[PDB]
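Take a look at the structure set out below.
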Amino acid sequence: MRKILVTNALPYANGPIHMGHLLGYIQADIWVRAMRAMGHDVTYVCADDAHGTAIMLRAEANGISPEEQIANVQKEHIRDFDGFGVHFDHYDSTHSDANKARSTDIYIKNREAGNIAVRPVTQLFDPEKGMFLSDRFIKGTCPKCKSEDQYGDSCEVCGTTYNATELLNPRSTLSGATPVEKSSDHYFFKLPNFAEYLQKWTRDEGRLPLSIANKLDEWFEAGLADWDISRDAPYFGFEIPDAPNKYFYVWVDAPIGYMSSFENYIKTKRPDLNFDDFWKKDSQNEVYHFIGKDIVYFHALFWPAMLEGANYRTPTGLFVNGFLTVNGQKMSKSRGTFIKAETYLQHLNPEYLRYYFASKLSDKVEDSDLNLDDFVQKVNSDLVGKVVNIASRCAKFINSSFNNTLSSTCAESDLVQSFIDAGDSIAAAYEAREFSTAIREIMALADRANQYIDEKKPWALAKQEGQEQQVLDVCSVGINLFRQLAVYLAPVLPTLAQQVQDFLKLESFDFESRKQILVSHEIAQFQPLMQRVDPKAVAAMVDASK
Ligand code: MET
Ligand code: NA
Ligand SMILES: [Zn+2]
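In this text, residue positions in the sequence shown follow PDB author numbering: the first is 1, and each later residue adds one.
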């Protein structure tokens with residue numbers, strides 16, 4: 001009865017999608033597809049994160065306006081997401097008019113509720129560029145440990161936090177020039193007004209993964225502070241109402257893009273839904289954000305406080321994932337492991353990576369390692385050599401000898417029913433984001449199917465007097481077992497699933513449809529459904545990434 005709204009983190013419009021970021025997008029897409037295959041009403045949206053100084057820097061580097069820069073990168077991101085089967089219902093932009101309006105609405109409601117303060121602050125200013133400098137565009141000497149080259153917010157060597165004005169001998173990263181100190185009025189969101197609210201919110205059952213417990217404990221012990229939400233002109237972003245020449249910091253309007261992408265989606269595709277159905281405080285529907293562990297603070301503290309302050313509902317849960325390593329090391333251009341999503345697609349089948357990720361993904365916030373030799377072996381053994389070969393080895397006889405038509409009865413009803421009944425556990429694993437468990441359970445079923453075929457030996461039956469019906473019965477069971485496997489893998493391998501729908505002539509492929517055992521059922525001529533992963537193609541991708 002409850003409908004679900006799901007998002008992925010919004011990528012910045014300042015560069016391409018890389019293979020490491022695909023982990024969370026593929027995780028979310030698998031979940032959405034599996035939940036839909038189980039009959040849930042799931043809406044799935046994303047958008048480009050379009051604002052901020054970093055995006056202005058890229059635009060100028062590329063000789064174009066910010067508006068043309070974000071238009072270019074949005075098309076690139078959509079291209080890459082689509083290439084990996086990450087299919088959103090809608091892909092928008094934080095620059096949209098819908099997001100401008102909702103940003104103003106949330107700000108003004110918070111301002112009138114008492115959650116906004118304005119005050120003059122001392123800020124570093126680049127005199128060459130005529131720009132006030134935010135913390136990530138200032139470097140200097142940490143006042144505590146005296147280490148060079150630290151940004152304006154905190155030191156990586158000793159961990160001290162500070163205002164950028166406490167750095168010794170600072171520099172602007174925009175020009176290298178020495179900044180000067182000036183005054184600028186800044187707008188602050190009064191996050192401390194929500195300390196007790198968030199201490200309860202972050203600990204509600206299902207809101208956050210259990211591992212984030214200690215990380216939040218640190219955060220609440222350290223104490224919440226007013227959040228600086230304004231940026232001075234020049235800034236590519238939304239102007240703050242009644243604050244001339246002041247803009248919302250990109251992170252204010254970025255999560256609002258979740259609302260606005262959804263809002264623009266339902267305006268064309270779900271006339272049965274309205275915005276309040278998901279975002280009014282009395283909503284009975286669910287909202288989930290898939291996000292990396294590096295942005296949990298924005299999503300677990302800033303975001304629900306801003307929503308609560310504006311009388312909107314808050315996310316039901318944050319699904320948090322770790323990072324991807326490659327061959328047991330951080331991804332580097334020098335090792336050719338900082339791989340653009342576009343480069344992978346120029347050399348390899350995307351469903352290789354969907355499967356490999358699924359076989360390792362769990363509900364835990366952990367880093368996943370992509371060992372490239374293991375990637376080749378795992379995908380080839382599991383999919384090409386085991387799962388797809390079950391169809392091949394059974395279809396061989398049905399296509400060649402039995403007019404492409406499965407037997408009129410199921411000769412192993414209990415065995416097939418046992419594969420059907422295993423769907424309940426597989427569905428529960430997908431829903432719990434325990435993808436590695438779902439894959440293991442499916443592969444255990446594939447082993448049982450090969451065990452059955454090996455026991456019956458259709459190749460021997462085809463060479464024995466009078467066993468024609470038994471060859472057909474056995475191969476028909478094998479195809480039915482394969483069909484169950486492909487239904488269960490469909491959230492992970494949607495293209496393979498479409499191909500199996502064509503091969504088995506099946507219009508429906510959701511979980512309910514699997515209860516229909518195929519009998520007297522014409523199938524198409526079998527053709528290979530997946531090529532093996534070629535190690536040279538993997539190496540060509542690595543070499544193209546150096
Ligand atoms: C509202 S999610 C925004 C995520 C941000 N663009 C990032 O890359 O970290
Ligand atoms: Na995980
Ligand atoms: Zn330090």
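We put the CB at the ideal spot given by N, CA and C, even for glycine.
Worksheet entry | Unbroken stretches of the alpha helix (DSSP H), 4 residues or longer, contained in the segment 143-230 | With a minimum length of 4 residues, the continuous alpha helix (DSSP H) runs that stay inside the segment 143-230 are 195-201 and 212-222.
Fill in: Residue of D253, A449 and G140 minimising C-alpha distance to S476
Taking only the C-alpha atoms, the option nearest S476 is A449.
Practice prompt. Let me have the residue list for ligand 3: C-beta closer than 6 Å to any non-hydrogen atom, ordered along the chain.
Written response: Every residue whose Cβ sits closer than 6 Å to any heavy atom of ligand 3 is listed here in chain order: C142, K144, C145, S147, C155, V157, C158 and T160.
Item to complete: Would you grab the beta carbon distance between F262 and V45 for me? Rounded to a whole angstrom, and I think it's under 8 Å.
Response: Contact flag correct, Cβ pair sits at about 5 Å.
Item to complete: Assign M541 to buried or exposed, taking buried as 16 or more other Cβ atoms, counted over all protein chains shown, within 10 Å of its Cβ.
Response: With at least 16 other beta carbons inside 10 angstroms of its own, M541 counts as buried.
Worksheet entry | Check: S362 C-beta below 8 Å from any heavy atom of ligand 2 | At a cut-off of 8 Å, the beta-carbon of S362 counts as near ligand 2: some heavy atom of the ligand is closer than that.
Item to complete: Could you pull the start and end residues of the beta strand (DSSP E) that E512 belongs to?
Response: Secondary structure note for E512: it is in no beta strand (DSSP E), with a DSSP letter that is neither H nor E.
Worksheet entry | Proximity below 9 Å, CB of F511 to CB of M38 | Inclusion of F511 and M38 in the CB contact set at 9 Å is warranted, their separation being smaller than that value.
Worksheet item: Do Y430 and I30 come within 9 Å of each other at the CB atom, strictly closer than that value?
Response: The Cβ atoms of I30 and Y430 lie closer than 9 Å to each other.
Worksheet item: Taking C-beta to C-beta, are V416 and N371 nearer than 9 Å?
Response: A distance of 9 Å or more separates the beta carbons of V416 and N371.
Worksheet item: When the Cα atoms are used, what is the spatial distance from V287 to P315?
Response: Annotation: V287 to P315 spans about 5 Å, alpha carbon to alpha carbon.
Worksheet item: Using CA coordinates, which residue listed in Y297, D185 and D204 is at the minimum distance from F248?
Response: Of all alpha-carbon atoms in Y297, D185 and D204, the one lying nearest the alpha-carbon of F248 is that of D185.
Practice prompt. Could you give the DSSP three-state label for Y247: helix, strand or coil?
Written response: Shown here, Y247 sits in a strand according to DSSP, grouped into three states.
Discussion item. I need the straight-line Cα distance from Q329 to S407, nearest angstrom please.
Written reply: Going from the Cα of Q329 to the Cα of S407 covers about 52 Å.
Fill in: Where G39 sits in the DSSP three-state scheme
Reduced to three states, the DSSP call for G39 is coil.
Worksheet item: Is the beta carbon of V86 less than 9 Å from the beta carbon of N14?
Response: Going by C-beta atoms, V86 is not nearer than 9 Å to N14.
Discussion item. Using a Cβ-Cβ cutoff of less than 7 Å, which residues in the same chain neighbour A113 once the five nearest sequence positions on both sides are dropped?
Written reply: Non-local C-beta neighbours of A113 in its own chain, meaning closer than 7 Å and more than five positions away in sequence, comprise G309, ordered along the chain.
Fill in: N62, buried or exposed, once every other Cβ within 10 Å from all chains shown has been counted against 16
That one is exposed.
Item to complete: Whole angstroms is fine: what's the gap from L489's alpha carbon to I439's?
Response: Between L489 and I439, the C-alpha separation is close to 8 Å.
Worksheet item: With 16 other CB atoms within 10 Å as the buried threshold, where does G423 fall?
Response: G423 is buried by the Cβ-count criterion.
Fill in: Alpha carbon of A28 to alpha carbon of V6, nearest angstrom
Those two C-alpha atoms are separated by around 8 Å.
Discussion item. Among the candidates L506, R36, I64 and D126, whose CA atom is the shortest distance from the CA of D89?
Written reply: Of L506, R36, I64 and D126, the residue nearest in Cα terms is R36.
Discussion item. Under 8 Å: does the beta carbon of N321 sit that close to some heavy atom of ligand 2?
Written reply: Taking non-hydrogen atoms of ligand 2 into account, the C-beta of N321 is found less than 8 Å away from one of them.
Worksheet item: Taking DSSP as the reference, what is the three-state secondary structure of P535?
Response: Helix at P535.
Practice prompt. Please classify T94: does DSSP put it in a helix, a strand, or coil?
Written response: Coil.
Discussion item. Quick check on this structure: which residue in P179, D135, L518 and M530 has the alpha carbon closest to the alpha carbon of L348?
Written reply: Out of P179, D135, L518 and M530, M530 has the C-alpha closest to the C-alpha of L348.
Worksheet entry | Under the three-state DSSP convention, the category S368 falls into | Strand, per DSSP.
Worksheet item: Under a Cβ-count criterion, where at least 16 other Cβ atoms within 10 Å of its own Cβ denotes burial, should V387 be classed as buried or exposed?
Response: It is buried - the Cβ of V387 has at least 16 other Cβ atoms within 10 Å.
Worksheet item: Pick from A305, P271 and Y187: whose alpha carbon is nearest that of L224?
Response: It is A305 whose Cα lies nearest to the Cα of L224.
Practice prompt. Work out the CA separation of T173 and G140 for me, nearest whole Å.
Written response: Taking C-alpha positions only, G140 is separated from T173 by approximately 10 Å.
Worksheet item: Between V118 and the rest of its own chain, which residues show a CB-CB distance below 6 Å, the 5 nearest in sequence each way excluded?
Response: Taking C-beta separations shorter than 6 Å and ignoring five residues to either side along the sequence, the partners of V118 in its chain run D185 and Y187, following chain order.
Discussion item. Three Cβ pairs or more, each shorter than 8 Å: is that satisfied between the segment 277-292 and the segment 196-209?
Written reply: Contact fails: fewer than three Cβ-Cβ distances are below 8 Å.
Worksheet item: Heavy atom of ligand 1 less than 8 Å from the Cβ of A9, yes or no?
Response: Distances from the CB of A9 to the heavy atoms of ligand 1 include at least one below 8 Å.
Discussion item. Judging by CA-CA distance, which residue of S334, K293, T43 and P528 is the nearest neighbour of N274?
Written reply: From the listed residues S334, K293, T43 and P528, the smallest Cα separation to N274 is found for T43.
Worksheet entry | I240 - DSSP class collapsed to helix/strand/coil | If DSSP states are grouped into helix, strand and coil, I240 belongs with coil.
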